[PDB]
Trainee: 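Here's a structure for you.
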Number of protein chains: 2
Amino acid sequence: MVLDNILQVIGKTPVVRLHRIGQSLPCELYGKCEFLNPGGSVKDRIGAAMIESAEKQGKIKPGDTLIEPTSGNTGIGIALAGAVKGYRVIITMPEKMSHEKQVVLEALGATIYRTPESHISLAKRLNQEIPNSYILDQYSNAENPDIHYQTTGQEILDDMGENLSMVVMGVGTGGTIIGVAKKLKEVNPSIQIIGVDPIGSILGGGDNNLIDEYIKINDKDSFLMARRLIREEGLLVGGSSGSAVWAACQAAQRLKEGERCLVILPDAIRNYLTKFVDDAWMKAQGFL
Amino acid sequence: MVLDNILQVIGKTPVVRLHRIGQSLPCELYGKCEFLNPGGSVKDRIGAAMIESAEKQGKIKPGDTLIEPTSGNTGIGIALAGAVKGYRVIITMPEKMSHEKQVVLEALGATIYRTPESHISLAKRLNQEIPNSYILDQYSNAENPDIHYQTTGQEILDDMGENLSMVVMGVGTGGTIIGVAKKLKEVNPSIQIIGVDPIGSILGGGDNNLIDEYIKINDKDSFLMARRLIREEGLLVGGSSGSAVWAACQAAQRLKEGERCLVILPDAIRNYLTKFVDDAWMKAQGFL
Ligand code: NA
Ligand code: NA
Ligand code: NA
Ligand code: NA
């Protein structure tokens with residue numbers, strides 16, 4: 001198909017059967033390939049949607065400065081959509097973020113202000129200092145579950161229908177899981193929504209809950225499963241996809257033959273070529 | 001959609017209008033996003049097709065060893081499809097290939113034998129030494145234009161039809177351009193087929209031609225255009241996409257208003273995060 005710009009490519013991600021990873025399970029295991037999005041992550045969706053929603057509400061217009069405070073957990077989504085739509089993008093964050101993420105944000109034209117909640121305070125000060133500027137923060141935004149309710153969740157319903165017993169996805173930022181859970185439980189309340197909570201220093205952060213269970217995953221188990229996804233399924237994913245699939249192999253053990261479990265594969269291999277993808281790094285971290 | 005494996009995701013790549021890059025041209029400029037393929041390149045297509053064709057001819061079966069001699073110009077396509085389909089993959093090459101490409105090939109389970117035409121001689125020796133082994137070489141294969149005639153070229157016809165005045169694409173390995181040119185000139189013989197020939201040390205190699213013109217592009221011009229594709233169009237491409245778009249801006253200057261030029265964007269940003277994407281590297285190479 002012919003499109004106006006790359007933002008129109010975001011979404012409608014394919015679902016692939018995980019034939020080798022799912023061998024040890026009685027159920028069928030599937031992976032939704034969010035890492036194939038043009039920015040390389042499920043996070044492409046929220047960035048584009050936040051700009052579209054703020055434009056529709058007349059809060060921003062091209063030429064304006066967008067200020068994105070981040071704890072390094074958010075994607076390149078605001079920078080990507082900002083570059084496409086003609087916004088100046090400023091990002092505030094702690095000095096903790098990787099060279100791989102920083103070089104792409106900068107190539108997309110974003111200005112990064114590194115801080116030693118100083119990054120949130122910096123965004124608020126920049127918002128008052130810079131004329132025609134607006135803060136776009138993925139955290140406490142409240143319209144984050146809506147995009148995943150309107151798109152990601154609808155795609156899962158369109159592709160797999162009511163023949164879906166379990167969905168496994170990450171809990172950070174928090175938009176994906178809440179939006180998808182809300183959409184799926186409206187038509188299938190018996191569906192099991194599994195929250196992926198990485199507790200490691202690398203991948204981790206720092207009555208009727210829509211999220212049925214929260215599984216804790218360390219870094220070793222995430223990276224080893226990510227290596228299985230690349231070697232056994234040809235899925236060029238990052239560590240968070242390994243976290244999600246490891247959690248699914250644990251939770252899906254309860255499911256029966258003919259039942260299906262879907263895992264969101266949120267990140268790409270791009271930022272990890274000098275990390276878990278490298279056997280020397282795996283050995284050095286004591287993961288091999 | 002729901003699929004059996006990641007190889008079924010290869011192809012049907014979107015065409016996006018290049019609204020900012022095309023401003024200096026009287027014609028409309030478009031980019032076919034081959035870098036969005038699951039292996040990150042147009043080269044995904046040939047790798048999967050070579051294995052499918054050799055399987056159909058009964059020359060190989062899963063469990064067999066596939067030997068891929070390469071001058072580092074070929075993609076991760078054989079390794080990717082080999083991992084998915086259950087083949088042992090051996091790659092022979094000169095010590096010249098990047099850490100980024102090597103780490104992904106190895107993560108996909110390929111064994112790499114580095115040589116100081118020693119890599120072609122090594123493949124031939126391994127073919128005689130290893131039982132149930134078969135050589136899959138992208139060069140001199142002769143069935144390389146067929147896949148691009150059957151798929152890439154057909155997609156261009158399906159998306160843009162006869163309202164297409166020019167197609168710009170790379171000449172290495174040689175399958176893409178010949179296969180696409182043959183398909184397009186059968187329905188539109190007036191179409192202009194522009195061959196992209198990078199002459200730089202980084203991106204370069206070493207009566208009725210289907211290829212109308214061969215444009216030479218140095219490394220500086222390729223990398224600066226690649227930086228424009230990321231910053232102005234949000235296309236997370238590699239240097240060869242910059243080569244192709246730079247060549248299109250030169251050749252398409254002859255086209256008129258309402259005419260359309262399509263450029264194949266063959267590679268992704270993944271292998272270049274410590275290279276052209278980095279301003280420090282651009283400065284060090286004397287490109288800034
Ligand atoms: Na898409
Ligand atoms: Na002031
Ligand atoms: Na596709
Ligand atoms: Na021998």
Side-chain angles (χ1 to χ4, degrees), chain A residues 2-6 83-84 86, chain B residues 13-35 42 152-153 155-157 159-172 176-178 180-185 187-200 202-204 208-235 237-267 276 282 287-288:
Chain A
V2 182
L3 298 155
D4 292 303
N5 60 62
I6 197 56
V84 170
Chain B
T13 55
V15 170
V16 306
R17 176 79 182 269
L18 302 184
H19 278 115
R20 293 206 177 90
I21 309 305
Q23 276 187 281
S24 49
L25 307 171
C27 68
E28 299 174 6
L29 187 70
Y30 297 85
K32 185 168 174 62
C33 301
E34 292 294 319
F35 70 94
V42 63
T152 317
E155 291 173 21
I156 292 166
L157 284 176
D159 284 346
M160 297 189 85
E162 284 194 9
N163 211 275
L164 189 54
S165 296
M166 179 177 289
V167 180
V168 185
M169 59 211 134
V171 296
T176 301
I177 196 155
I178 302 286
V180 167
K182 215 183 281 176
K183 190 70 207 172
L184 301 188
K185 287 200 172 170
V187 158
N188 187 0
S190 188
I191 198 169
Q192 285 179 81
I193 302 290
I194 314 293
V196 176
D197 183 26
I199 53 149
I202 302 150
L203 295 175
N208 255 304
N209 188 348
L210 281 159
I211 301 160
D212 293 287
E213 188 183 356
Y214 292 90
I215 303 181
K216 293 182 175 296
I217 317 96
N218 60 34
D219 285 336
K220 182 170 177 186
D221 293 334
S222 302
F223 292 136
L224 287 163
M225 186 53 84
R227 293 297 300 270
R228 289 192 65 200
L229 290 162
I230 298 158
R231 197 181 198 98
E232 302 183 33
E233 303 287 352
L235 299 172
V237 296
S240 284
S241 295
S243 304
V245 172
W246 186 90
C249 289
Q250 194 195 264
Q253 269 191 261
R254 313 191 289 269
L255 295 184
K256 281 167 160 282
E257 193 186 334
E259 298 201 295
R260 302 187 300 169
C261 179
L262 179 63
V263 190
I264 293 191
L265 311 181
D267 57 352
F276 85 87
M282 287 291 286
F287 295 157
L288 272 172

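Naming: A, B, ... by sequence-line order, numbering from 1 per chain.
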Trainee: side-chain contact (heavy atoms from CB on, under 4.5 Å) with B:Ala244: which residues, sequence neighbours excluded?
Mentor: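 Only B:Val196, B:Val263 meet the side-chain contact (heavy atoms from CB on, under 4.5 Å) criterion with B:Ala244.
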
Trainee: Do you know which two heavy atoms are closest between B:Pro14 and A:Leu3, and how far apart they sit?
Mentor: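 Shortest heavy-atom separation between B:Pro14 and A:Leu3 comes out as CB-CD1, 3.9 Å.
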
Trainee: Drop me the distance from B:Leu164's CG to B:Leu262's CG, to the nearest 0.5 angstrom.
Mentor: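 Answer for the CG-CG pair, B:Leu164 versus B:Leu262, is 6.0 Å.
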
Trainee: Starting at OG of B:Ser241, measure out to CD1 of B:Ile264 and round the result to the nearest 0.5 Å.
Mentor: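 B:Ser241 atom OG to B:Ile264 atom CD1 measures 10.5 Å (nearest 0.5 Å).
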
Trainee: Please name all residues satisfying ring-ring contact (aromatic ring centres under 6.0 Å, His included) with B:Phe276, sequence neighbours left out, ordered by chain then number.
Mentor: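 ring-ring contact (aromatic ring centres under 6.0 Å, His included) check on B:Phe276 returns B:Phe223, B:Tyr272.
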
Trainee: Side chain to side chain contact (heavy atoms under 4.5 Å, CB included) between B:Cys27 and B:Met166: does it pass, once the steps are laid out?
Mentor: CA-CA 10 Å; B:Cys27 68; B:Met166 179 177 289; over 6 Å; no

Trainee: Identify, with sequence neighbours excluded, every residue that meets side chain to side chain donor-acceptor pair (under 3.5 Å) alongside B:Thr152.
Mentor: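 Counting only residues at least two positions away or on another chain, B:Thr152 forms a side chain to side chain donor-acceptor pair (under 3.5 Å) with B:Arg45, B:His148.
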
Trainee: For the backbone of B:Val15 and the side chain of B:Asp159, can you confirm whether one donor and one acceptor N or O come within less than 3.5 Å of each other?
Mentor: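 Here the side-chain-to-backbone pair does not exist.
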
Trainee: How far does CD1 of B:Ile178 sit from CD1 of B:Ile193, to the nearest 0.5 angstrom?
Mentor: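 Reported to 0.5 Å precision, the distance equals 9.5 Å.
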
Trainee: Under the side-chain contact (heavy atoms from CB on, under 4.5 Å) test, which residues partner B:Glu162, sequence neighbours left out?
Mentor: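 By the side-chain contact (heavy atoms from CB on, under 4.5 Å) rule, B:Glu162 matches B:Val187.
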
Trainee: Determine whether B:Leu224 and B:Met282 make a side-chain contact, defined as any pair of heavy atoms from C-beta on separated by less than 4.5 Å.
Mentor: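 The answer is yes; the side chains approach within 4.5 Å.
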
Trainee: Which atom pair, heavy atoms only, marks the closest approach of B:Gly153 to B:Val180?
Mentor: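 That would be N-CG2, 3.7 Å.
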
Trainee: Which residues pass the side chain to side chain donor-acceptor pair (under 3.5 Å) test with B:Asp197, sequence neighbours left out?
Mentor: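 For B:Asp197, the residues satisfying side chain to side chain donor-acceptor pair (under 3.5 Å) (neighbours in sequence not counted) are B:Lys216.
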
Trainee: Do side-chain atoms of B:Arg260 reach the backbone of B:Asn163 as a donor and acceptor pair under 3.5 angstrom?
Mentor: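 It does hold such a pair.
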
Trainee: Please check this pair: side chain of A:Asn5 against backbone of B:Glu233, looking for a donor-acceptor N/O pair closer than 3.5 Å.
Mentor: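 No.
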
Trainee: Starting at CG of B:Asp267, measure out to OG of B:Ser240 and round the result to the nearest 0.5 Å.
Mentor: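 One gets 4.5 Å once the value is rounded to the nearest 0.5 Å.
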
Trainee: With sequence neighbours excluded, tell me which residues meet side chain to side chain donor-acceptor pair (under 3.5 Å) with B:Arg254.
Mentor: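 Testing B:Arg254 for side chain to side chain donor-acceptor pair (under 3.5 Å), a comparison that skips the adjacent residues, returns B:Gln192, B:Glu213.
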
Trainee: Quick one: closest heavy-atom pair of B:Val168 and B:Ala248, and the distance?
Mentor: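 Minimum heavy-atom contact is CG2-CB, 3.8 Å.
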
Trainee: Applying side chain to side chain donor-acceptor pair (under 3.5 Å), name anything that partners B:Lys185, two or more places apart in sequence or on another chain.
Mentor: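 With sequence neighbours excluded, B:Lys185 shows a side chain to side chain donor-acceptor pair (under 3.5 Å) to B:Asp212, given in chain and number order.
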
Trainee: Per the side-chain hydrogen bond (donor to acceptor under 3.5 Å, both in side chains) rule, what does the pair list look like for residues 15-27 of chain B, sequence neighbours excluded?
Mentor: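 Qualifying pairs: none.
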
Trainee: Among all residues two or more places apart in sequence or in another chain, which pass the side-chain contact (heavy atoms from CB on, under 4.5 Å) test with B:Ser222?
Mentor: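 Testing B:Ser222 for side-chain contact (heavy atoms from CB on, under 4.5 Å), a comparison that skips the adjacent residues, returns B:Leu203, B:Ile217, B:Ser243.
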
Trainee: Test: salt bridge (charged side-chain N to carboxylate O under 4.0 Å, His left out). Region: residues 218-230 of chain B. Which pairs qualify, not counting sequence neighbours?
Mentor: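 Residue pairs passing salt bridge (charged side-chain N to carboxylate O under 4.0 Å, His left out), neighbours aside: B:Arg227-B:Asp279, B:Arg228-B:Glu232.
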
Trainee: Quick one: CD1 on B:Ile21 to CG on B:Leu29, what's the gap to the nearest 0.5 Å?
Mentor: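 These two atoms lie 8.0 Å from each other.
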
Trainee: For residues B:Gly170 and B:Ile177, report the shortest heavy-atom separation together with the two atoms involved.
Mentor: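 Closest pair (atom of B:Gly170, atom of B:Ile177, distance): O-CB, 3.6 Å.
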
Trainee: Would you check if B:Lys32 and B:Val167 make a side-chain contact, meaning some heavy-atom pair closer than 4.5 Å?
Mentor: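 Counting from C-beta outward, B:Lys32 and B:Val167 never come under 4.5 Å.
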
Trainee: Are A:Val84 and A:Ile6 close enough, and set up right, to give a side chain to side chain contact (heavy atoms under 4.5 Å, CB included), and what steps lead you there?
Mentor: CA-CA 8 Å; A:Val84 170; A:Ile6 197 56; 3.7 Å; yes

Trainee: Got a second to check how far B:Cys261's SG is from B:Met160's CE, nearest 0.5 Å?
Mentor: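 Separation between the atoms: 9.0 Å.
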
Trainee: Answer whether the closest heavy-atom distance between the side chains of B:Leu229 and B:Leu18 falls below 4.5 Å.
Mentor: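 They are in contact (side-chain heavy atoms under 4.5 Å apart), so the answer is yes.
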
Trainee: Between B:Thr176 and B:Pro266, is any pair of side-chain heavy atoms under 4.5 Å apart?
Mentor: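 With C-beta onward as the side chain, the pair stays apart.
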
